[PDB]
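A single chain comes next, written as structure tokens; it is the form deposited in one PDB entry.
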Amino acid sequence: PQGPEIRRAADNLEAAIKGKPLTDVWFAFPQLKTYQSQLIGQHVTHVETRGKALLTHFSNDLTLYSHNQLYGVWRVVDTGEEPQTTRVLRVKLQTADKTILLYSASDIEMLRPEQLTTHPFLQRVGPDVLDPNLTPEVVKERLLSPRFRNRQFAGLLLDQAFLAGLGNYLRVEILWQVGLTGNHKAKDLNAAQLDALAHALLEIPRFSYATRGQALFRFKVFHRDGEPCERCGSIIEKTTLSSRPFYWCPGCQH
């Protein structure tokens, strides 16, 4: 799961328990158990996302930081229910009527206020593609910046320092949308291409965020190797780029 999925989940967590007094708090990790007593009777004030980083803010200025990597997943349950599963529970934030459970995640930390700025991941993530304040021409500026203008898109679109929230599926769907392979640099695009890329970097993630869980978002190439491209009819192929699987259409990506 990447940005869009994490924000959908964060929205579900806030709907479940934002503002509601915690009646129980449980952490699997021994070093976090000390926060159990401290948080009972506090409440989540909001669940912030910074790309794939999920920050659950509490009313006593603590912030639970969690990153699902490839395997973590949140689930909202009615309080006291525990749908059977083989995943290991890692976090329970429980209120009178709704409880949220975080399973499998291994990167979980309790942050004090300073660390919202200094934590290693939070310190180096770039702007969030789902941030409404983030505009195409800002993305365009960033693409052309000295920092990123010479990066191949293959790696750049996975680098959370560039744009937070982008992941593999988004990488392939964005590059296909604008007809580019992974081996290009922002410096060598024409202005039309650059403008198309800057818009797709935002609109595709925002589209997935709005509709993936429900015109609606669909993969055009991701996991479609062997199928005919819906734009040009060519057969979508699967290779490896940036040591991650990569899908693309040889017929209309150049």
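Position 1 is the first residue in the sequence shown; the rest follow in order.
Beyond what is shown, the protein has a form deposited in another entry; the following relates to that form.
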Treating the motion between this form and the one not shown as two rigid parts rotating, tell me which of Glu227, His46, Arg75, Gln123 is at the hinge.
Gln123
Flagged pair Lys18/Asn133: C-alpha distance shifts by 3 angstroms or more in the other form. Which direction, closer or farther?
closer
Outcome for the Cα pair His46, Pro127 in the other form, compared with this form (closer or farther; change of 3 Å or more):
closer
